[PDB]
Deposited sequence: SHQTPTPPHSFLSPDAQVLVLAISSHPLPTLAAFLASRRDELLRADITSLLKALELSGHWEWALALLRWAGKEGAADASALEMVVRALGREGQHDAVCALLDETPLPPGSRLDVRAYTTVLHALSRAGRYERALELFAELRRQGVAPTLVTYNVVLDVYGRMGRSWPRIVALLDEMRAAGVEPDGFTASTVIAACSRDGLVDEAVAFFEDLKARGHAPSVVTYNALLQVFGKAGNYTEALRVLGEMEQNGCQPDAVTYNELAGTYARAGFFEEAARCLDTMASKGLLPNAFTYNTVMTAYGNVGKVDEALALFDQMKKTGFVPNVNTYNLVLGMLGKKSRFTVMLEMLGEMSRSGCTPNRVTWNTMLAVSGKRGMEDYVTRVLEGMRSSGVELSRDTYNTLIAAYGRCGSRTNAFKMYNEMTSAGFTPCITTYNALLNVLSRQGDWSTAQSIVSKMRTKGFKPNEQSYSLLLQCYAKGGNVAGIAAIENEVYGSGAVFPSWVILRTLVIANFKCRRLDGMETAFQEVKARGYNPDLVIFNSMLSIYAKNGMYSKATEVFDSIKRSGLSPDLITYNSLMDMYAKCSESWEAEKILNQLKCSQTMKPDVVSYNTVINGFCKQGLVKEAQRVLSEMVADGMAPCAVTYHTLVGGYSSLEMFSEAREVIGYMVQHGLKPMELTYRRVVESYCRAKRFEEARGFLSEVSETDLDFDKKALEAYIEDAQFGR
C-alpha cells in the first residue's frame, strides 16, 4: 500500500478480499495480469496486511505457472517464519527444492529454524539446515546459534556441537553472547560438566569477555550437577569480572540445586545468603522444602518452614498445600491438623486442593479419627461439598474400614441429591472388604449395573477381595469362570484371593493364565505359588517355582528365602534351611532377619539336632540379633526332650546372667522331662540351684 503502484494496490486488495478456498479461480482469472506483476511485492504486501495464508496461496498458484521465483519463495518463507507458521513452511518446502544457493539468503530462514526449535520439532530444523547446506549456503552467526540450540535441546550431541564450533571458527565466525550461553546450557542439560568448563576456558583464553548471561549459564551447569565447589568459584569470578552476584543469582542457584535433588547444597546456599544479607524468595524456600520433602526429610522441611515464617514471610494457600501434601506422603495426621489449624488462624482459607490433599492419605491407625476431624473442619467453615468432595470422603473412610462412616457420607451425598457415580460405588466395595461382606457388595454391583453403569476392573478386583476375606470360595470360582470366557489387576487378584483361601486349583489356573499372555508374573505372585506348593507338600513344584523366579530375571527377597527355609524345616531337612541361611549370610545384598534364624533354630529342635540349633542361636546372637524368651524355651525344651539337662541349665544360666529371666514354663519344662525320666532327686537338685515346681515333683513321685 505504501510501495505498490496504484494498480497493483487494487490487485492486492482484490486478492486479499477474496475467500481462501477458491482464490485459485480468481487468480487464474488474472493470469495475464499476474505474470506481469512483481509477484514478490504482492506477497510482501499480503504479509504486511496479515494475509499470510493468501501469500502462501499466491505463491503456490504462481508456482504452477511460470510466475514463481527465488525472491518470492524467500519472501513467503521469511513471512511464515516471522508469523510462526512452521507447519505450513515445512509443507511448502517439501513441495519444493530450493533454487541455486547463489540466489539464497540464509537470513530468510532463521525465524523458521527458530520456530521449529521452540516447537520441539528438531529433526525438521536440521532437515531445513541440511537443505540449506546442500546449496552451499554459508550459515551466519545467528544460524549457528539456532542450530546449536537445536542440538543442545536434542541431547547427547556433544561431538556435533564441537564440530559446529570448529566450523564456526574456520569460517572466522566469532562467537557472541548467545553462542556461549547456548553451548554452556547445551552442556548443563546433559551434565557435561568438564566439557562445559573446558569450553568456558577456551572462550576465555581466546580473549572473549564473558557476560552475565554466560556466567548465569555456567552456574546452571554446576547447579544441575550438584557441583558445589566449582559453582562457588563461578560466583567468585562473576564478582571479580564486573557482574557481581545478586539476590537473584543466589536464589536461582539454591533453587537449581534444590530442583536437581541437592538439598544439602541448596540449604548451604540459603545459609550463605543469610550471612551476606541476601533475601531469599518464597519460591526458593518452597523449592528447598520440596527437596527435603521428596527425599523424605520432613522435619528439616518444617524447620525450614519455621525459618520462612520467622523472617516475617506470610505463606499462602499453595505453600500450605505444599507442606500438607508433603506430610500426607508420610501420614503425619496430627501435624497435618496442626497446620490446618494454622492456616485458618494464619489468615488464608483452604481451597479444594487443600481438602483433596488432606483426604488423599491412607494408612494405619488413626485415619478414621483424622478424617472425622477433617470433616468437622470442612463444615466448620463454609465449603460446599461438591459431588466430588463426597467421593473423596467416602473413599477416605473406605480406606480404613470405617463402613459406618463411609455409608454415612454416602447417604449424606444421596440426600443432598446427587448422582453418585462409579468411584463412589467402588469406595463402598472397598470398605466392605475388611468385613468380608460379599453380600452387600453383590448388592452394590446390582445397583451399579441397573442404574446403567459398568463395573471397572477395579470393581471386580474389590469384589474378589470381598469373597476372599469372607471365605466365600463360591463367588471367587464364579468370577473366575466369567473371566476365562480379563485384565491383570484381576488375574493377580485371583492368585492372591485363591491363595487367601488356600484354593490351589484357581491359583494354578490364574497363574497359568497370567503366564499365558507372556506377561510378567510379579514377585508377590511367585512367593504365593511357592508358599502354596510348600503347604500342600508338593516340594518339587515349589522348587520349580523358585527356579522360575531366578530364571527369568527377578531376584528373590526375604519372604522368598524364608518361605524356602520354612518348607525345608517342615520336611525335617533342617540342613537345607541352614544352607540357605548361610547363603543369605554371605549374600552381600541381603541379610537374614529374626524369622530366618527362628526357622532354622525351631527346625533343628524339631528334628532332634538341638546341638546345631544351639550353634545357630549362638550365631544369631553373634551377628547382633536378639531372640525372644519363647525361642530360649524352645531350645531348652529341646535339650530336655533328650535328657540333656546339663545344657538346658547352661541355656537358663546364660539367660539370667544377661537380665533376661526365663519363662516360668521353662523351669517347669525341665522339671517335666526330669520327672518322666524318673530322675526326681535330680529335679529337686535343679530346683536347689536355679516352690510350685517342688510341690509338683512331690506330687509326681508320691
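Missing from the model relative to the deposited sequence are positions 1 to 8, 494 to 498, 704 to 712, 725 to 726 (no C-alpha coordinates, numbering from 1).
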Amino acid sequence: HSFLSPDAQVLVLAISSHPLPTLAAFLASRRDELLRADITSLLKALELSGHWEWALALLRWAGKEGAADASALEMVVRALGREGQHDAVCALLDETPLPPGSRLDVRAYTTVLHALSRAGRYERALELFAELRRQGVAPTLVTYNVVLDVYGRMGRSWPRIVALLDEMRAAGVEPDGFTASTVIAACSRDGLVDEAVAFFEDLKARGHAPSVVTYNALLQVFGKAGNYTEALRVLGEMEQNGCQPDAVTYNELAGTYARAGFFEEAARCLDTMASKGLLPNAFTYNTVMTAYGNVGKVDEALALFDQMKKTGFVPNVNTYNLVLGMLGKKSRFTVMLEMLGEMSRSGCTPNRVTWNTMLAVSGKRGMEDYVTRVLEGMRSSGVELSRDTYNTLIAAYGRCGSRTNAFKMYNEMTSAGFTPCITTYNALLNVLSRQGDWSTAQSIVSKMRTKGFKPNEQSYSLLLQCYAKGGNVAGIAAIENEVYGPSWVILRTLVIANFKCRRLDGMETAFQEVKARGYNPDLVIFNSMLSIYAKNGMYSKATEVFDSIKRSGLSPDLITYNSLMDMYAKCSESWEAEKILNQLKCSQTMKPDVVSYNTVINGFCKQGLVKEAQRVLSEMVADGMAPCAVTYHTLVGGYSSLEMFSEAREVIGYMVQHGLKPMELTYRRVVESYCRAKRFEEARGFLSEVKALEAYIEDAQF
From here on, numbers count along this sequence of modelled residues.
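The stretch with the higher mean CA B factor, choosing between 376 to 384 and 474 to 482, is 376 to 384. When 652 to 660 is weighed against 671 to 679, 652 to 660 comes out higher, by mean CA B-factor as recorded in the entry.
Of the candidates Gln512, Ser461, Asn321, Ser71, it is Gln512 whose Cα B-factor is highest according to the PDB record. The residue among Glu131, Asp194, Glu83, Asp149 whose C-alpha carries the highest B-factor in the deposited model is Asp194. Looking at the C-alpha B-factors along this chain, the one for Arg78 belongs to the lowest third.
When all modelled residues of the chain are sorted by CA temperature factor, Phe305 is found within the middle third. In the deposited entry, the Cα temperature factor of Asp202 places it in the highest third of its chain's modelled residues. Compared with the other modelled residues of the chain, the Cα B-factor recorded for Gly101 ranks in the lowest third. For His18, the recorded CA B-factor ranks within the lowest third of the chain. Only modelled residues enter the ranking.
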